[PDB]
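Peer 1: Here you go, this is work.tsv (TSV, C-alpha atoms).
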chain	number	residue	atom	x	y	z
A	40	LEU	CA	-22.02	15.27	17.39
A	41	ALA	CA	-20.69	17.96	15.01
A	42	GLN	CA	-17.43	18.50	16.94
A	43	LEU	CA	-16.89	14.74	17.08
A	44	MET	CA	-17.48	14.41	13.33
A	45	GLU	CA	-15.05	17.27	12.51
A	46	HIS	CA	-12.22	15.87	14.70
A	47	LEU	CA	-12.93	12.42	13.33
A	48	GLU	CA	-12.70	13.63	9.70
A	49	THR	CA	-9.50	15.58	10.33
A	50	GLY	CA	-8.06	12.55	12.10
A	51	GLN	CA	-8.84	10.28	9.16
A	52	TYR	CA	-7.12	12.72	6.80
A	53	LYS	CA	-4.00	12.86	9.01
A	54	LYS	CA	-3.97	9.02	9.16
A	55	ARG	CA	-4.13	8.86	5.34
A	56	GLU	CA	-1.21	11.29	5.12
A	57	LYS	CA	0.87	8.75	7.10
A	58	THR	CA	-0.44	5.88	4.95
A	59	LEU	CA	0.76	7.65	1.80
A	60	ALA	CA	4.28	8.09	3.22
A	61	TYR	CA	4.38	4.31	3.96
A	62	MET	CA	2.94	3.29	0.63
A	63	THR	CA	5.48	5.50	-1.18
A	64	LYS	CA	8.27	3.75	0.70
A	65	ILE	CA	7.04	0.27	-0.21
A	66	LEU	CA	6.43	1.27	-3.86
A	67	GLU	CA	10.00	2.60	-4.06
A	68	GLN	CA	11.26	-0.67	-2.60
A	69	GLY	CA	9.29	-2.52	-5.24
A	70	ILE	CA	10.55	-0.55	-8.23
A	71	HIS	CA	14.09	-0.99	-6.91
A	72	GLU	CA	13.82	-4.60	-8.17
A	73	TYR	CA	13.37	-3.16	-11.66
A	74	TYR	CA	16.40	-0.89	-11.31
A	75	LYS	CA	18.61	-3.66	-9.95
A	76	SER	CA	17.89	-6.04	-12.80
A	77	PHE	CA	17.14	-4.01	-15.96
A	78	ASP	CA	18.89	-1.18	-17.80
A	79	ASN	CA	17.95	2.40	-16.74
A	80	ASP	CA	15.53	3.11	-19.56
A	81	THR	CA	13.77	-0.25	-19.21
A	82	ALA	CA	13.52	0.06	-15.41
A	83	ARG	CA	11.96	3.52	-15.75
A	84	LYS	CA	9.45	2.18	-18.31
A	85	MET	CA	8.56	-0.67	-15.96
A	86	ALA	CA	8.06	1.76	-13.07
A	87	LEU	CA	5.75	4.05	-15.09
A	88	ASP	CA	3.84	1.07	-16.59
A	89	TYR	CA	3.30	-0.18	-13.04
A	90	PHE	CA	2.12	3.24	-11.87
A	91	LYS	CA	-0.37	3.31	-14.79
A	92	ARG	CA	-1.73	-0.01	-13.54
A	93	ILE	CA	-2.10	1.46	-10.02
A	94	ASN	CA	-3.94	4.52	-11.30
A	95	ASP	CA	-6.15	2.31	-13.52
A	96	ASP	CA	-7.20	0.38	-10.40
A	97	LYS	CA	-9.09	3.53	-9.29
A	98	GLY	CA	-8.51	2.73	-5.63
A	99	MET	CA	-6.88	4.36	-2.65
A	100	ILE	CA	-4.03	6.11	-4.41
A	101	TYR	CA	-3.00	7.70	-7.69
A	102	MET	CA	0.62	8.30	-8.62
A	103	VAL	CA	2.28	11.37	-10.12
A	104	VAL	CA	6.02	11.45	-10.98
A	105	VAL	CA	8.40	14.30	-11.82
A	106	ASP	CA	12.16	14.45	-12.18
A	107	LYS	CA	14.40	16.51	-9.79
A	108	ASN	CA	14.18	19.49	-12.12
A	109	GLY	CA	10.39	19.42	-12.33
A	110	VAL	CA	9.93	17.71	-15.71
A	111	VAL	CA	6.70	15.71	-15.57
A	112	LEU	CA	7.33	12.00	-16.10
A	113	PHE	CA	3.90	10.54	-15.30
A	114	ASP	CA	0.46	12.08	-14.89
A	115	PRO	CA	-2.47	10.45	-16.72
A	116	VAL	CA	-4.83	13.26	-15.61
A	117	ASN	CA	-2.67	15.77	-17.51
A	118	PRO	CA	-1.05	13.75	-20.29
A	119	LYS	CA	0.10	16.68	-22.37
A	120	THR	CA	2.35	17.84	-19.52
A	121	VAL	CA	4.46	14.64	-19.73
A	122	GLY	CA	7.95	15.40	-20.99
A	123	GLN	CA	7.57	19.12	-20.29
A	124	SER	CA	8.76	21.28	-17.39
A	125	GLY	CA	6.02	21.48	-14.81
A	126	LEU	CA	7.56	24.38	-12.87
A	127	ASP	CA	4.90	26.85	-14.01
A	128	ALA	CA	2.00	24.36	-13.91
A	129	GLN	CA	-0.88	25.47	-11.72
A	130	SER	CA	-3.87	23.62	-10.40
A	131	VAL	CA	-7.26	25.30	-10.92
A	132	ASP	CA	-7.03	26.60	-7.34
A	133	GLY	CA	-3.72	28.29	-8.16
A	134	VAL	CA	-1.22	25.91	-6.59
A	135	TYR	CA	2.14	25.28	-8.26
A	136	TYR	CA	1.75	21.58	-7.60
A	137	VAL	CA	5.07	20.48	-9.12
A	138	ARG	CA	6.96	23.12	-7.08
A	139	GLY	CA	5.13	21.65	-4.07
A	140	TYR	CA	6.31	18.15	-4.91
A	141	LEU	CA	9.91	19.35	-5.19
A	142	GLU	CA	9.85	21.43	-2.01
A	143	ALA	CA	8.48	18.49	-0.05
A	144	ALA	CA	11.06	16.07	-1.52
A	145	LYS	CA	13.94	18.50	-0.71
A	146	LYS	CA	12.87	18.32	2.99
A	147	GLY	CA	13.01	14.51	2.93
A	148	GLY	CA	9.34	14.01	2.10
A	149	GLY	CA	6.16	15.97	2.60
A	150	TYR	CA	2.78	17.15	1.42
A	151	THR	CA	1.19	19.32	-1.29
A	152	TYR	CA	-2.52	20.30	-1.24
A	153	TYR	CA	-4.44	21.30	-4.36
A	154	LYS	CA	-7.47	20.57	-6.55
A	155	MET	CA	-7.36	18.29	-9.57
A	156	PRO	CA	-9.70	15.99	-11.44
A	157	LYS	CA	-9.52	12.23	-10.95
A	158	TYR	CA	-9.24	11.80	-14.72
A	159	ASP	CA	-8.49	13.99	-17.74
A	160	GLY	CA	-11.51	16.28	-18.31
A	161	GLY	CA	-13.26	15.45	-15.06
A	162	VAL	CA	-14.58	17.69	-12.28
A	163	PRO	CA	-11.76	19.06	-10.10
A	164	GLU	CA	-11.59	17.68	-6.53
A	165	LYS	CA	-9.57	18.53	-3.45
A	166	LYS	CA	-6.64	16.16	-3.00
A	167	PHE	CA	-3.19	15.88	-1.47
A	168	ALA	CA	0.15	14.40	-2.43
A	169	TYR	CA	3.01	12.90	-0.44
A	170	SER	CA	6.22	13.27	-2.45
A	171	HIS	CA	9.72	11.83	-1.92
A	172	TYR	CA	12.96	11.69	-3.89
A	173	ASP	CA	13.92	8.10	-4.66
A	174	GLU	CA	17.69	8.05	-5.07
A	175	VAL	CA	17.82	4.74	-6.92
A	176	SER	CA	15.45	5.80	-9.72
A	177	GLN	CA	16.24	9.51	-9.45
A	178	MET	CA	12.53	10.29	-9.56
A	179	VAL	CA	10.36	12.46	-7.33
A	180	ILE	CA	7.49	10.06	-6.64
A	181	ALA	CA	4.13	11.32	-5.41
A	182	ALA	CA	1.39	9.09	-3.97
A	183	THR	CA	-1.88	10.99	-3.91
A	184	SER	CA	-5.40	10.60	-2.54
A	185	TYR	CA	-8.69	12.47	-2.99
A	186	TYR	CA	-10.66	13.59	0.04
A	187	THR	CA	-13.89	12.33	-1.51
A	188	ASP	CA	-12.35	8.81	-1.60
A	189	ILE	CA	-11.17	8.97	2.00
A	190	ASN	CA	-14.71	9.95	2.98
A	191	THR	CA	-16.14	7.02	1.01
A	192	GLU	CA	-13.82	4.58	2.70
A	193	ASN	CA	-14.80	5.96	6.12
A	194	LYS	CA	-18.55	6.10	5.40
A	195	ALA	CA	-19.43	2.97	7.44
A	196	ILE	CA	-17.41	4.29	10.38
A	197	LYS	CA	-19.29	7.62	10.10
A	198	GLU	CA	-22.71	5.99	9.86
A	199	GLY	CA	-21.98	3.84	12.93
A	200	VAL	CA	-21.08	6.91	15.01
A	201	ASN	CA	-24.28	8.60	13.89
A	202	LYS	CA	-26.24	5.47	14.87
A	203	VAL	CA	-24.76	5.78	18.40
B	40	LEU	CA	-18.97	6.47	24.92
B	41	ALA	CA	-17.97	2.81	25.32
B	42	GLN	CA	-20.42	1.70	22.58
B	43	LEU	CA	-18.96	4.48	20.44
B	44	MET	CA	-15.34	3.31	21.00
B	45	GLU	CA	-16.39	-0.29	20.22
B	46	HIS	CA	-18.11	0.52	16.92
B	47	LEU	CA	-15.22	2.76	16.03
B	48	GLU	CA	-12.60	0.08	16.67
B	49	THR	CA	-14.55	-2.57	14.74
B	50	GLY	CA	-14.96	-0.07	11.88
B	51	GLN	CA	-11.25	0.61	11.77
B	52	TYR	CA	-10.51	-3.13	11.62
B	53	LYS	CA	-12.99	-3.61	8.74
B	54	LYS	CA	-11.40	-0.68	6.91
B	55	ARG	CA	-7.95	-2.26	7.32
B	56	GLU	CA	-9.31	-5.52	5.88
B	57	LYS	CA	-10.21	-3.59	2.70
B	58	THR	CA	-6.82	-1.86	2.69
B	59	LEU	CA	-5.05	-5.22	2.75
B	60	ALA	CA	-7.04	-6.48	-0.27
B	61	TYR	CA	-6.03	-3.34	-2.20
B	62	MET	CA	-2.39	-3.49	-1.16
B	63	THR	CA	-2.23	-7.15	-2.20
B	64	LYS	CA	-3.54	-6.23	-5.65
B	65	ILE	CA	-0.98	-3.45	-6.15
B	66	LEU	CA	1.88	-5.66	-4.88
B	67	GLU	CA	0.88	-8.35	-7.38
B	68	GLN	CA	0.83	-5.75	-10.13
B	69	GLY	CA	4.34	-4.71	-9.15
B	70	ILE	CA	5.92	-8.17	-9.17
B	71	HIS	CA	4.28	-9.04	-12.49
B	72	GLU	CA	6.62	-6.53	-14.29
B	73	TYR	CA	9.56	-8.96	-13.88
B	74	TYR	CA	7.57	-12.22	-13.97
B	75	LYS	CA	7.01	-11.20	-17.59
B	76	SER	CA	10.77	-11.10	-18.27
B	77	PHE	CA	12.62	-13.58	-16.08
B	78	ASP	CA	12.46	-17.29	-15.38
B	79	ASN	CA	10.26	-18.40	-12.49
B	80	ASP	CA	13.07	-19.05	-10.02
B	81	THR	CA	14.64	-15.64	-10.60
B	82	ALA	CA	11.34	-13.74	-10.56
B	83	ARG	CA	10.23	-15.49	-7.35
B	84	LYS	CA	13.56	-14.70	-5.63
B	85	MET	CA	13.09	-11.03	-6.55
B	86	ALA	CA	9.51	-10.94	-5.25
B	87	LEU	CA	10.44	-12.62	-1.97
B	88	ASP	CA	13.48	-10.32	-1.55
B	89	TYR	CA	11.12	-7.36	-1.95
B	90	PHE	CA	8.70	-8.88	0.57
B	91	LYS	CA	11.62	-9.28	3.03
B	92	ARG	CA	12.17	-5.56	2.74
B	93	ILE	CA	8.47	-4.81	3.36
B	94	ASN	CA	8.50	-6.92	6.52
B	95	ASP	CA	11.82	-5.31	7.64
B	96	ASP	CA	10.09	-1.90	7.37
B	97	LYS	CA	8.00	-2.92	10.43
B	98	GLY	CA	5.09	-0.81	9.23
B	99	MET	CA	1.49	-1.36	8.30
B	100	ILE	CA	1.77	-4.79	6.73
B	101	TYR	CA	3.77	-8.00	6.86
B	102	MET	CA	3.73	-10.52	4.05
B	103	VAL	CA	3.41	-14.32	4.17
B	104	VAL	CA	3.55	-16.46	1.02
B	105	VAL	CA	2.61	-20.09	0.34
B	106	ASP	CA	2.24	-22.07	-2.88
B	107	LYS	CA	-1.05	-23.46	-4.13
B	108	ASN	CA	-0.52	-26.69	-2.24
B	109	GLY	CA	0.39	-25.01	1.05
B	110	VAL	CA	4.20	-25.22	0.91
B	111	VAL	CA	5.51	-22.21	2.82
B	112	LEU	CA	7.55	-19.92	0.55
B	113	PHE	CA	8.09	-16.88	2.78
B	114	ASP	CA	7.55	-16.31	6.50
B	115	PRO	CA	10.34	-14.64	8.46
B	116	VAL	CA	8.47	-15.17	11.72
B	117	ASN	CA	8.61	-18.94	11.24
B	118	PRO	CA	11.72	-19.60	9.20
B	119	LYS	CA	11.84	-23.34	9.89
B	120	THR	CA	8.54	-23.75	8.05
B	121	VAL	CA	9.96	-22.39	4.77
B	122	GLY	CA	10.15	-25.14	2.12
B	123	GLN	CA	7.87	-27.43	4.11
B	124	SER	CA	4.21	-28.20	3.77
B	125	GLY	CA	2.33	-25.84	6.03
B	126	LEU	CA	-0.94	-27.79	5.92
B	127	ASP	CA	-0.57	-28.97	9.54
B	128	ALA	CA	0.96	-25.76	10.87
B	129	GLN	CA	-1.04	-24.32	13.78
B	130	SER	CA	-0.89	-20.98	15.43
B	131	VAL	CA	-0.64	-20.87	19.23
B	132	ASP	CA	-4.42	-20.35	19.37
B	133	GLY	CA	-5.01	-23.50	17.34
B	134	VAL	CA	-5.70	-22.09	13.89
B	135	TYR	CA	-4.48	-23.93	10.77
B	136	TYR	CA	-3.38	-20.63	9.30
B	137	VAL	CA	-2.05	-22.00	5.99
B	138	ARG	CA	-5.33	-23.91	5.47
B	139	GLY	CA	-7.05	-20.55	6.06
B	140	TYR	CA	-4.90	-18.81	3.47
B	141	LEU	CA	-5.80	-21.50	0.91
B	142	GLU	CA	-9.56	-21.55	1.72
B	143	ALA	CA	-9.71	-17.77	1.37
B	144	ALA	CA	-7.77	-17.86	-1.91
B	145	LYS	CA	-10.04	-20.56	-3.35
B	146	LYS	CA	-13.02	-18.18	-2.84
B	147	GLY	CA	-11.26	-15.41	-4.76
B	148	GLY	CA	-9.66	-13.77	-1.73
B	149	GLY	CA	-10.46	-13.60	1.93
B	150	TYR	CA	-9.40	-13.48	5.57
B	151	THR	CA	-7.77	-15.68	8.21
B	152	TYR	CA	-7.64	-14.69	11.94
B	153	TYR	CA	-5.04	-16.07	14.34
B	154	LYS	CA	-2.37	-15.20	16.91
B	155	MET	CA	1.30	-14.94	15.94
B	156	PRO	CA	4.41	-13.05	16.97
B	157	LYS	CA	5.60	-10.05	15.00
B	158	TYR	CA	9.10	-11.62	14.81
B	159	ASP	CA	10.70	-15.01	15.41
B	160	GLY	CA	10.72	-15.54	19.19
B	161	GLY	CA	8.42	-12.66	20.05
B	162	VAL	CA	5.25	-12.59	22.16
B	163	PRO	CA	2.23	-13.76	20.13
B	164	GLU	CA	-0.47	-11.28	19.35
B	165	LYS	CA	-3.70	-11.19	17.44
B	166	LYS	CA	-3.54	-10.55	13.68
B	167	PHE	CA	-5.34	-11.20	10.43
B	168	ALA	CA	-4.32	-12.03	6.89
B	169	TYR	CA	-5.88	-11.26	3.50
B	170	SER	CA	-4.83	-13.95	1.02
B	171	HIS	CA	-5.21	-14.17	-2.74
B	172	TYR	CA	-4.00	-16.53	-5.44
B	173	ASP	CA	-1.90	-14.64	-8.00
B	174	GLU	CA	-2.19	-16.59	-11.28
B	175	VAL	CA	0.85	-14.95	-12.87
B	176	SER	CA	3.27	-15.91	-10.09
B	177	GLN	CA	1.27	-18.95	-9.01
B	178	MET	CA	1.68	-17.90	-5.39
B	179	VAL	CA	-0.88	-17.50	-2.59
B	180	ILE	CA	0.12	-14.05	-1.33
B	181	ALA	CA	-0.99	-12.89	2.12
B	182	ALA	CA	-0.83	-9.27	3.34
B	183	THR	CA	-1.21	-9.24	7.13
B	184	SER	CA	-1.65	-6.72	9.95
B	185	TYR	CA	-1.57	-6.84	13.74
B	186	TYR	CA	-4.44	-5.33	15.76
B	187	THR	CA	-1.92	-3.58	18.09
B	188	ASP	CA	-0.57	-1.72	15.09
B	189	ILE	CA	-4.02	-0.70	13.82
B	190	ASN	CA	-4.75	0.62	17.32
B	191	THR	CA	-1.46	2.57	17.37
B	192	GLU	CA	-2.27	4.16	14.00
B	193	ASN	CA	-5.71	5.15	15.26
B	194	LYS	CA	-4.62	6.41	18.69
B	195	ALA	CA	-4.80	10.15	17.79
B	196	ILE	CA	-8.35	9.62	16.48
B	197	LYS	CA	-9.25	7.78	19.70
B	198	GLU	CA	-7.72	10.51	21.89
B	199	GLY	CA	-9.68	13.19	20.02
B	200	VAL	CA	-12.97	11.34	20.59
B	201	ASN	CA	-12.14	11.12	24.28
B	202	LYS	CA	-11.45	14.88	24.11
B	203	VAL	CA	-15.20	15.24	23.47
Taking this structure as input, can you express it in the form of structure tokens?

Peer 2:
Amino acid sequence: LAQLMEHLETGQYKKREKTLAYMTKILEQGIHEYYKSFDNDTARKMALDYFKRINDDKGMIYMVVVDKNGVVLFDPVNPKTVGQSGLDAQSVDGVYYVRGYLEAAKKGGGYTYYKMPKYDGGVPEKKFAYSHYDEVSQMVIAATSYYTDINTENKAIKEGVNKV
Amino acid sequence: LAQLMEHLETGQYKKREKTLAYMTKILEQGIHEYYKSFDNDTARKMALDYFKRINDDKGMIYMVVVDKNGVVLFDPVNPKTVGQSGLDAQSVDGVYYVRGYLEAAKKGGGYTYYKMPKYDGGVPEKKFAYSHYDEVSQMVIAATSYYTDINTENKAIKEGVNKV
């Protein structure tokens, strides 16, 4: 029962990793409508306003955005970092999370693992980010999820297995 | 082991139902950015062009869109239905799928279950749709998934369970 639960949990995390790669692709395709039809500055504002709305939904994912040089463009958990280089930014568990975003994007997309609150001033939680360089917007876009949330979403599945 | 696999599969389908409701909300939030700026015809063309790209991704979800009266706005699987009333449209398994989209939307969002190909001229297979009426765009937007695809995504999890 314990081995099953472990493999099941790890499997759910791996599945969510793939989900984030897909959701990043469809979000990029969506913001491309902004870039095709509005000036650069307006399109970027629209993209970041949209991402605020996603984060405010407090659902499956939370966005983070940096430019190709590591300047933070969007991160409501850490608002004071916006407009600043994030190259020396560390999570509380010592991860250079922005460097992680950039390294993953340089490979064509990938993952960064670190702890962070869900909101500014909150308790830090383990999470992960899928990041990708969108060539239309010239932004490194990260879709992120918290392990606690993945567990919540999979709670009924877990309770059913326990029942059997 | 069989009862376990059954409860697991059902649980994964119920989880996907919730995912579709969330994805529909974030897609609505995305298209609103330009509904705010452009005339209805232009904004709708942009939204449906985006949805074409989502369906062309051949990933987790496929969109279908109807208006409040059941006129089909977007359905690449059934292109001849576009611009026509879909009120009498029936899936191969005898489901008035557009009526289902509308009934679900009238309740504030919900689900319709039916068989349909993945592409025009393909073999039909079982799927479900989450639909919701978006007041800004005045469209009944449906995010849909195929059970075969959910099973594919969950294959590694299934193979691990069999491992034990």

Peer 1: Find the residues near region 116-120 of chain A: any atom within 8 Å, counting only C-alpha atoms, skip ones fewer than 2 places away on the same chain, and give them as an mmCIF file with C-alpha atoms, keeping the file's coordinate frame.

Peer 2:
data_model
loop_
_atom_site.group_PDB
_atom_site.id
_atom_site.type_symbol
_atom_site.label_atom_id
_atom_site.label_comp_id
_atom_site.auth_asym_id
_atom_site.auth_seq_id
_atom_site.Cartn_x
_atom_site.Cartn_y
_atom_site.Cartn_z
ATOM 1 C CA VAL A 111 6.700 15.710 -15.570
ATOM 2 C CA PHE A 113 3.900 10.540 -15.300
ATOM 3 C CA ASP A 114 0.460 12.080 -14.890
ATOM 4 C CA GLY A 122 7.950 15.400 -20.990
ATOM 5 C CA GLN A 123 7.570 19.120 -20.290
ATOM 6 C CA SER A 124 8.760 21.280 -17.390
ATOM 7 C CA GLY A 125 6.020 21.480 -14.810
ATOM 8 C CA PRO A 156 -9.700 15.990 -11.440
ATOM 9 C CA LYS A 157 -9.520 12.230 -10.950
ATOM 10 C CA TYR A 158 -9.240 11.800 -14.720
ATOM 11 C CA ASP A 159 -8.490 13.990 -17.740
ATOM 12 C CA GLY A 160 -11.510 16.280 -18.310
#

Peer 1: Pairing the C-alpha atoms in order across the whole chain, superpose chain A onto chain B by least squares and write the result as a tab-separated table (two decimals) with C-alpha atoms, in the coordinates of the input.

Peer 2:
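Result file selection23.tsv:
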chain	number	residue	atom	x	y	z
A	40	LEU	CA	-18.56	6.76	25.01
A	41	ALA	CA	-17.90	3.00	25.34
A	42	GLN	CA	-20.37	2.01	22.59
A	43	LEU	CA	-18.89	4.67	20.30
A	44	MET	CA	-15.35	3.41	20.97
A	45	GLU	CA	-16.32	-0.24	20.28
A	46	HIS	CA	-18.08	0.55	16.96
A	47	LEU	CA	-15.20	2.83	16.04
A	48	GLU	CA	-12.60	0.10	16.72
A	49	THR	CA	-14.56	-2.53	14.80
A	50	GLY	CA	-14.98	-0.07	11.95
A	51	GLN	CA	-11.25	0.60	11.79
A	52	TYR	CA	-10.56	-3.14	11.65
A	53	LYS	CA	-13.07	-3.62	8.80
A	54	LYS	CA	-11.48	-0.67	6.93
A	55	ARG	CA	-8.03	-2.28	7.31
A	56	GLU	CA	-9.41	-5.55	5.94
A	57	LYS	CA	-10.34	-3.66	2.74
A	58	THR	CA	-6.95	-1.91	2.69
A	59	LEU	CA	-5.18	-5.28	2.75
A	60	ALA	CA	-7.20	-6.55	-0.24
A	61	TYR	CA	-6.16	-3.40	-2.20
A	62	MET	CA	-2.54	-3.55	-1.15
A	63	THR	CA	-2.37	-7.23	-2.16
A	64	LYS	CA	-3.69	-6.30	-5.60
A	65	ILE	CA	-1.12	-3.54	-6.11
A	66	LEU	CA	1.74	-5.74	-4.80
A	67	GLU	CA	0.73	-8.47	-7.26
A	68	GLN	CA	0.71	-5.89	-10.05
A	69	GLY	CA	4.19	-4.84	-9.00
A	70	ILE	CA	5.72	-8.32	-8.91
A	71	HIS	CA	4.18	-8.98	-12.32
A	72	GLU	CA	6.95	-6.73	-13.71
A	73	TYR	CA	9.44	-9.26	-12.34
A	74	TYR	CA	7.61	-12.19	-13.93
A	75	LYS	CA	7.31	-10.47	-17.30
A	76	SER	CA	11.00	-9.70	-17.57
A	77	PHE	CA	12.98	-12.37	-15.69
A	78	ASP	CA	13.03	-16.18	-15.71
A	79	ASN	CA	10.64	-17.94	-13.26
A	80	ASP	CA	13.20	-18.70	-10.57
A	81	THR	CA	14.69	-15.20	-10.67
A	82	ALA	CA	11.26	-13.53	-10.62
A	83	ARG	CA	10.25	-15.58	-7.57
A	84	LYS	CA	13.51	-14.63	-5.81
A	85	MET	CA	12.88	-10.97	-6.59
A	86	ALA	CA	9.33	-11.20	-5.23
A	87	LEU	CA	10.45	-12.83	-1.94
A	88	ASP	CA	13.42	-10.41	-1.58
A	89	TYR	CA	10.96	-7.55	-2.00
A	90	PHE	CA	8.58	-9.03	0.57
A	91	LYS	CA	11.52	-9.33	3.03
A	92	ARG	CA	12.14	-5.61	2.52
A	93	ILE	CA	8.45	-4.89	3.26
A	94	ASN	CA	8.50	-6.96	6.44
A	95	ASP	CA	11.81	-5.33	7.49
A	96	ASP	CA	10.11	-1.92	7.23
A	97	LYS	CA	8.03	-2.91	10.30
A	98	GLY	CA	5.08	-0.84	9.10
A	99	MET	CA	1.46	-1.41	8.21
A	100	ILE	CA	1.75	-4.86	6.71
A	101	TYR	CA	3.75	-8.08	6.84
A	102	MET	CA	3.70	-10.63	4.04
A	103	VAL	CA	3.36	-14.41	4.18
A	104	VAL	CA	3.47	-16.58	1.02
A	105	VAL	CA	2.53	-20.22	0.38
A	106	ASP	CA	2.16	-22.22	-2.81
A	107	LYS	CA	-1.23	-23.67	-3.97
A	108	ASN	CA	-0.49	-26.91	-2.16
A	109	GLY	CA	0.35	-25.23	1.13
A	110	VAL	CA	4.16	-25.32	1.00
A	111	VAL	CA	5.46	-22.27	2.85
A	112	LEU	CA	7.50	-20.02	0.57
A	113	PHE	CA	8.01	-16.97	2.80
A	114	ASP	CA	7.52	-16.36	6.51
A	115	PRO	CA	10.34	-14.66	8.44
A	116	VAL	CA	8.49	-15.17	11.76
A	117	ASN	CA	8.67	-18.95	11.23
A	118	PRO	CA	11.76	-19.48	9.08
A	119	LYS	CA	12.08	-23.19	9.65
A	120	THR	CA	8.68	-23.75	8.00
A	121	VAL	CA	9.96	-22.41	4.64
A	122	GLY	CA	10.16	-25.17	2.06
A	123	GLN	CA	7.93	-27.47	4.11
A	124	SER	CA	4.22	-28.27	3.87
A	125	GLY	CA	2.31	-25.95	6.14
A	126	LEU	CA	-0.95	-27.92	6.03
A	127	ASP	CA	-0.63	-29.11	9.63
A	128	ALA	CA	0.88	-25.86	10.96
A	129	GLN	CA	-1.07	-24.34	13.83
A	130	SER	CA	-0.90	-20.96	15.45
A	131	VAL	CA	-0.65	-20.92	19.26
A	132	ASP	CA	-4.42	-20.31	19.38
A	133	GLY	CA	-5.00	-23.49	17.37
A	134	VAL	CA	-5.71	-22.09	13.91
A	135	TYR	CA	-4.52	-23.95	10.81
A	136	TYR	CA	-3.36	-20.67	9.33
A	137	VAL	CA	-2.08	-22.08	6.03
A	138	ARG	CA	-5.37	-23.97	5.47
A	139	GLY	CA	-7.05	-20.60	6.12
A	140	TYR	CA	-4.93	-18.90	3.48
A	141	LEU	CA	-5.81	-21.58	0.93
A	142	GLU	CA	-9.53	-21.62	1.72
A	143	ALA	CA	-9.70	-17.85	1.34
A	144	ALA	CA	-7.74	-17.91	-1.95
A	145	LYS	CA	-10.02	-20.67	-3.37
A	146	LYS	CA	-13.01	-18.30	-2.83
A	147	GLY	CA	-11.27	-15.52	-4.77
A	148	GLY	CA	-9.71	-13.86	-1.73
A	149	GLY	CA	-10.51	-13.64	1.94
A	150	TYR	CA	-9.45	-13.54	5.56
A	151	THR	CA	-7.79	-15.73	8.21
A	152	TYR	CA	-7.67	-14.75	11.92
A	153	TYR	CA	-5.07	-16.10	14.34
A	154	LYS	CA	-2.32	-15.19	16.82
A	155	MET	CA	1.34	-14.95	15.88
A	156	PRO	CA	4.40	-13.03	16.98
A	157	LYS	CA	5.63	-10.05	14.98
A	158	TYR	CA	9.09	-11.63	14.84
A	159	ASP	CA	10.63	-15.05	15.48
A	160	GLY	CA	10.59	-15.66	19.26
A	161	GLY	CA	8.40	-12.70	20.13
A	162	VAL	CA	5.17	-12.47	22.12
A	163	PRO	CA	2.18	-13.77	20.14
A	164	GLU	CA	-0.36	-11.12	19.03
A	165	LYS	CA	-3.78	-11.23	17.42
A	166	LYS	CA	-3.59	-10.57	13.68
A	167	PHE	CA	-5.37	-11.22	10.41
A	168	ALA	CA	-4.41	-12.08	6.86
A	169	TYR	CA	-5.94	-11.32	3.48
A	170	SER	CA	-4.87	-14.02	1.02
A	171	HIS	CA	-5.26	-14.29	-2.78
A	172	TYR	CA	-4.00	-16.59	-5.51
A	173	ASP	CA	-1.87	-14.69	-8.01
A	174	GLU	CA	-2.10	-16.57	-11.29
A	175	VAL	CA	0.99	-15.01	-12.84
A	176	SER	CA	3.36	-16.05	-10.03
A	177	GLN	CA	1.32	-19.08	-8.96
A	178	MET	CA	1.68	-18.02	-5.34
A	179	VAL	CA	-0.90	-17.61	-2.59
A	180	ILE	CA	0.04	-14.16	-1.28
A	181	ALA	CA	-1.05	-12.99	2.15
A	182	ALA	CA	-0.86	-9.38	3.36
A	183	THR	CA	-1.24	-9.29	7.12
A	184	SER	CA	-1.69	-6.73	9.90
A	185	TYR	CA	-1.60	-6.85	13.71
A	186	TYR	CA	-4.44	-5.36	15.72
A	187	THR	CA	-1.98	-3.67	18.06
A	188	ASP	CA	-0.57	-1.76	15.04
A	189	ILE	CA	-3.99	-0.72	13.79
A	190	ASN	CA	-4.72	0.62	17.27
A	191	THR	CA	-1.43	2.55	17.28
A	192	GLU	CA	-2.20	4.13	13.94
A	193	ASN	CA	-5.66	5.15	15.18
A	194	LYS	CA	-4.48	6.42	18.58
A	195	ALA	CA	-4.71	10.15	17.68
A	196	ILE	CA	-8.22	9.62	16.31
A	197	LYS	CA	-9.16	7.83	19.57
A	198	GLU	CA	-7.66	10.51	21.80
A	199	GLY	CA	-9.50	13.25	19.87
A	200	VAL	CA	-12.86	11.51	20.39
A	201	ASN	CA	-12.11	11.17	24.08
A	202	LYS	CA	-11.24	14.89	24.22
A	203	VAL	CA	-14.72	15.64	22.78

Peer 1: Excluding residue 46 (chain A) and its own-chain neighbours fewer than 4 positions away, which residues fall within 10 Å of it when counting only C-alpha atoms? Please give them as a list in words.

Peer 2: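 The neighbour list is residues 41, 42, 50, 51 and 52 of chain A; 195, 196, 197, 199, 200, 202 and 203 of chain B.
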
Peer 1: In terms of the shortest atom-to-atom distance over all atoms listed in the file, which of B:109, B:161, B:147, B:69 is closest to residue 127 (chain B)?

Peer 2: B:109

Peer 1: Between CA of residue 83 (chain B) and CA of residue 176 (chain B), what is the spacing in Å?

Peer 2: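 It comes out at 7.5 Å.
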
Peer 1: Please compute the CA of residue 190 (chain A)-CA of residue 93 (chain B) distance, one decimal, in Å.

Peer 2: 27.5 Å

Peer 1: Using all atoms listed in the file, collect all residues at a distance of at most 12 Å from (10.4, -10.4, -19.2) as written in the file, then present them as a list in words.

Peer 2: residues 73, 76, 77, 81, 82 and 85 of chain A; 70, 71, 72, 73, 74, 75, 76, 77, 78, 79, 81 and 82 of chain B
